[PDB]
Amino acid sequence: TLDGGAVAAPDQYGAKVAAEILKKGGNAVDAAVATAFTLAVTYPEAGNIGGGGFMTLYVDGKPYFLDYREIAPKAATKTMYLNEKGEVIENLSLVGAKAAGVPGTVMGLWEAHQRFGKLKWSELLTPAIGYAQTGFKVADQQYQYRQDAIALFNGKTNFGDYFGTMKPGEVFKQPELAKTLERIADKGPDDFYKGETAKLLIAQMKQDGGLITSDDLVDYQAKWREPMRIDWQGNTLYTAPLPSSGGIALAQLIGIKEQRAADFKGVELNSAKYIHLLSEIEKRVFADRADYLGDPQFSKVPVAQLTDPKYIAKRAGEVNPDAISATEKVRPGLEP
């Protein structure tokens, strides 16, 4: 088949770990699980076990998609981020415990591995545990993001208790995170959603006034979904369906650009004409994004209608190649 495997990772540690797993005979999923836990240590600004995400896969010639996006706590309400007079409360949805959805990453990595991985679960966490125990060197830009974040948090959280000792180019260790990963390696997701880690999560919600409960954690499920499929020019793109907007967005971006090929003929990449045409398409994509898209089991989302080739053709017609279309006139495309 191929000359080998490959990894493209957002830091050197994820790259190294993925490569070691491939060398040991793990498949792409084994490597992905070990990489995701590694970055939960070395890339805490985004790599995580307290967040969520999406995995797109191609295994033995077939496409798959795994949704481990966070879910609103049972106690969430439509106006929970508004004051008694209806105004949005500054940063209540962005900073502090009420900003958190129920985390899905540990469940997602488990489900992906149980279905498709080749190697023993616990050993996929040993790399990450090592980096948490013996540390990694903080990057310059990473520390800058740390500075910006701690200034934004403005003393409202316990962030500084755990990440305040980060210094650029110095080794940063995370002993409590090491133990948490050891529990996940030994017990599986049960530790996070039912066990010791789950208890520690609940205690933090009570300490900080958050909403997540034990029942929230016990009821969390990752979901396998049919990936979004987009075909053009003999290529087949598999990407994220709802609850991601990217699948429908890409289906419309590619489909409309193809319909407007004549306008793109001859125009150099990142010319003002190129950029204007992309903006004109993006106008219509985001008009539909705002009006129709959300969790697909909580409303009847007209996905087919928004990706039918005839709809794509109608929306492509709206593109104005010579001038900006009137923003207030860019409507949701299925609006009667």
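Residue numbers here begin at 1 and follow the sequence given.
The question of which stretch, 250-258 or 117-125, has the higher mean Cα B factor is settled in favour of 250-258. Stretch comparison (163-171 versus 237-245) by mean CA B-factor in the PDB entry places 163-171 on top.
Across 221, 133, 83, 197, the entry's maximum B-factor at the CA atom is seen for 83. The entry lists C-alpha B-factors for 107, 152, 177, 228, and the highest of these is at 152. Split the chain's modelled residues into thirds by C-alpha temperature factor. Residue 184 is in the lowest one. Among all modelled residues in its chain, residue 111 ranks in the lowest third by Cα B-factor. The entry lists a Cα temperature factor for residue 24 that places it in the middle third of the chain's modelled residues. Among the modelled residues of its chain, residue 73 has a C-alpha B-factor that falls in the middle third, as given in the PDB entry. Ranked against the other modelled residues of its chain, the C-alpha B-factor of residue 44 as given in the entry falls in the lowest third.
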